[PDB]
């Protein structure tokens, strides 16, 4: 209970980013297992684009919020991509509560906006359900319910939302597309490439489209 939010994971890495100096258009990927696995499976996507991966496998959105100052705000990025809720739904650390998870995402958004960091919100991905645990429909319904709250919040607050789910979830029951996974639960490299095209378009829109003329 000394370091519940796991600030130790990236503490040394954050120190070296400081020693490297100011970076223009830095994008931080804040997330749980999905984000950690992305860096693991395609480090070039992050290195070649100057994106900073700050995913921690297993982490709850509550603990993500608690390390948001250290791993996002203090890195003074231009943009943060928030990928949260997957491990909350997986319940590896405790019972899932949609209201708390959604509230934690909102709190992270508000921390970023107060620090003048642009935000991109994202859909929790589909995954295969083990029948002994829950049905595929139950798994998919929970994910859709949380993603709906995130989308409507994003529309209300003029925040971009990247819907990985609609591109990766297969009929009839929302299983993760077999082309996009090896284990049915996590994306494989092909699945991450689908995600990369989507997120880079949203990042480039934030960094490059300015001065919306209102009439």
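Positions refer to the first chain, counted from 1.
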Segment of higher mean CA temperature factor, 194 to 202 or 19 to 27
19 to 27
93 to 101 versus 109 to 117: which one carries the higher mean Cα B factor per the record?
93 to 101
Highest CA temperature factor in the entry: which of 167, 156, 175, 48?
48
For the CA B factor values reported in this entry, which option in 67, 54, 149, 182 has the top one?
67
Compared with the other modelled residues in the chain, in which third is the CA B-factor of residue 189?
middle
Sorting the chain's modelled residues by C-alpha B-factor, tell me whether residue 36 ends up in the lowest, middle or highest third.
middle
So where's residue 133 on the chain's Cα temperature factor ranking, which third?
middle
Considering only modelled residues of the same chain, in which third does the CA B-factor of residue 87 rank: lowest, middle or highest?
highest
